[PDB]
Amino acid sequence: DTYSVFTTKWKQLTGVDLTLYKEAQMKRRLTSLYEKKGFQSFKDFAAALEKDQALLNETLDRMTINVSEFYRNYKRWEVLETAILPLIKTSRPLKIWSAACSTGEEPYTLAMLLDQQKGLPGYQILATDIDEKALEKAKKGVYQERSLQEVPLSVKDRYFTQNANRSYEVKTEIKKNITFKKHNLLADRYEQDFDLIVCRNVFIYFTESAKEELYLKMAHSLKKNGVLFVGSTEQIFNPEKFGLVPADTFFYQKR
């Protein structure tokens, strides 16, 4: 099976195991991507990826639909703000994970939302992705207005400089609370004791079996009463089996 042989090679080069991704769907996206570059097989595509780092980094950067924006599904962030933050705040700083942060819109949202919380003891956000080019971009912190349409104007004025007409940059007072790190949700060790884990619009790529395994690792990585925030098409069935209780739509609390 040519995709089988290719999956083996990709795992060896990047540690990413495509057997843990929906097959028909990823197989089609990657066929499309090698064909656009005029490869004629996975075999030939694999050979180039081993010899061209840029092609490899480009391919990781193209294995999902990764366009993002601040406050993606804006009303869910008000839920987080009003309904969820009271459940998780304690006397200690909040420890947050933005798991699959892409170009950084999400973790920056989290930081700007949390900074507005007067008297919150502190906040710490780990922001991870497998895509190093997206992490590079997130670190730089420069966004075009298209990524900021849901940022309320006072928040945009407070936490970014506007450097040109539709070009803004996140201030250091926000960046300093975020650590951008290369990390594979499917393979790498998870830190522990998070108050909040935000993992949105990534599980959609994984097989049912792979994401079920990741819900249990996440439930484990939460402090008791901590919360998991998922994407607006995602759902965990029988959350009680993971020791999670649904808090509002798309939020799960560790009991």
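From 1 onward, residues are counted along the sequence shown.
>> When the Cα temperature factors in the entry are averaged, is it 214 to 222 or 41 to 49 that ends up higher?
In response: Result: 41 to 49.
> Taking the recorded C-alpha temperature factors, which stretch has the higher mean, 108 to 116 or 89 to 97?
Replying inline: The stretch with the larger average C-alpha B-factor is 89 to 97.
> Per the PDB entry, which option out of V202, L196, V230, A54 has the greatest Cα B factor?
Replying inline: Reading the PDB entry, the winner on C-alpha B-factor is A54.
> Should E132 be placed in the lowest, middle or highest third of its chain by the C-alpha B factor in the entry?
Replying inline: As the PDB entry reports it, the C-alpha B-factor of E132 lands in the highest third of its chain.
>> Considering every modelled residue of the chain and its Cα B-factor in the PDB entry, is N177 in the lowest, middle or highest third?
In response: Tercile = middle for this residue's CA B-factor.
> Of the three thirds of its chain by CA temperature factor, lowest, middle or highest, which one includes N165?
Replying inline: CA B-factor rank for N165: highest third.
> Mind checking which third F70 falls in for C-alpha B-factor across the chain?
Replying inline: Its C-alpha B-factor, which the entry lists for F70, ranks in the lowest third among residues of this chain.
> Relative to the other modelled residues in the chain, which third contains the C-alpha temperature factor of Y190: lowest, middle or highest?
Replying inline: For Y190, whose C-alpha B-factor we compare with every modelled residue in the chain, the answer is the middle third.
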